[PDB]
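A single chain comes next, written as structure tokens; it is the form deposited in one PDB entry.
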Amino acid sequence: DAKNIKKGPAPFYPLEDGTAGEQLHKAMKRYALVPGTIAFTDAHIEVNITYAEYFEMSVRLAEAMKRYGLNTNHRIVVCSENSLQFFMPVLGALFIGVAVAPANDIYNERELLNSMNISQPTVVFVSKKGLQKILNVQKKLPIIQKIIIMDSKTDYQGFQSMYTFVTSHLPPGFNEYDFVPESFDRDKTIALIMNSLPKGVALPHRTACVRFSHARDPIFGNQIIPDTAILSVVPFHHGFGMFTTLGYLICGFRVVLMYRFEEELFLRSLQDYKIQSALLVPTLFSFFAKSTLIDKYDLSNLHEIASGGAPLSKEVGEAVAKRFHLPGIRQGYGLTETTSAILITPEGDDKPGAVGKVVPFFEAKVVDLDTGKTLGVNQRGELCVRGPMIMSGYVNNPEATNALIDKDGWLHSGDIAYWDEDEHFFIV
């Protein structure tokens, strides 16, 4: 019964060809050619970095990694708190087809070791505060040949920074604007290995390309408008942070980041940066349902709040929307294994407690927990989705992959849901 399979509509703009690296490179080069266009802002230290700076450093890192000897057979780890530098090695690696494994920066040595035993990186990019943990991990994982310090200009404790690493490897006369990213099969070449003991979730370049279609979709994402700023406190090494931020770079937005939540800084940032959209996780929603400071700030520019990371209760969402003077909350539902959200609230068509509608290129159904039958409108069962953002599999764990994804390509989410007469989905 096809009528009970909910399908996303066609994307507003056709899906572009090219790897995720090629698409990011093309967009970022465009924004780079306009001086002063801000890519990231660190709300804590107040420093801005422009698309020109970001584009040039990411391309220099790409070329330096290529000359050092990395290619599609290798992986890198990026282990850092949210920062201005976080996406430099991410973009550089995407530009040359090297898979990136972001490691949670609050993991201890044991958890890092398990994570990197799965991803098996050749080079680790780490912030200064993570260096000791990586050195302890490297003791057990000799495959790590090289450690590069992200948030330093000069060498740091005998290790190269991204800047000195680049100088060591760039050819004379290197031209960042002549550089061309690598081309490769985007279904076969892994872009990210995300953590989900945790497993490693392999995401081909294809899944990011589809994400970039959603991110700028006028219905399922944000319309590309000049001078748009987002406030993001969500960890970049988690899918909600990783894939919203890459999407924002495609859109040329200003991404104001925080690496630690604080109430006054968060609200003052919304006000002073004239933020249009802010990203929260459910426990920060619960926090703002308790906040009374919100009405002391001028939030007249705020258009939306998005919640991701885990389903949000209906009542908490309604409380927060009211405190912020918004008509509703921009919800979505995703898993690490689906790259990002594959149900998203359509712009202007929020419905309290709903996680939204099936995104372009996807299908979703709910199945009876007994009969396995596809269910109709307003009936509760297991949410199952199928589409090109689904992971290629858990790394070196085909049994775990097969337990989650069936022979027809349906991923079984483990969550109970239903959809309504407008094809809005609700998580129960």
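Basically, rigid core = biggest C-alpha set you can superpose within 1.5 Å across the two forms. Start at 1 with the first residue shown and count on from there.
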item	value
Missing residues, deposited sequence, between residue 196 and residue 197 (class: none, 1 to 3, 4 to 9, 10 or more)	4 to 9
Mean C-alpha temperature factor, higher of 105-113 and 157-165	105-113
Higher-B stretch (mean Cα B-factor, as the entry records it), 59-67 or 375-383	375-383
Top residue by Cα temperature factor, when 314, 214, 128, 357 are compared in the entry	314
Deposited CA B-factor, highest of 204, 235, 92, 142	142
Where the record places residue 254 (Cα B-factor, split into thirds across the chain)	lowest
For residue 35, the third of its chain into which the C-alpha B factor falls	middle
Ranked C-alpha temperature factor of residue 330 among modelled chain residues, by third	middle
Third of the chain, ranked by Cα B-factor, where residue 318 sits	highest
For residue 47, the third of its chain into which the C-alpha B factor falls	lowest
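Not on display, but discussed next: the form deposited in another entry.
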| item | value |
| --- | --- |
| Moved residue between this form and the one not shown - picked from 287, 159, 179, 184, where its Cα shifts 2 angstroms or more relative to the rigid core | 287 |
| Displaced residue check between this form and the one not shown: residue 371, CA, 2 Å or over, core reference | yes |
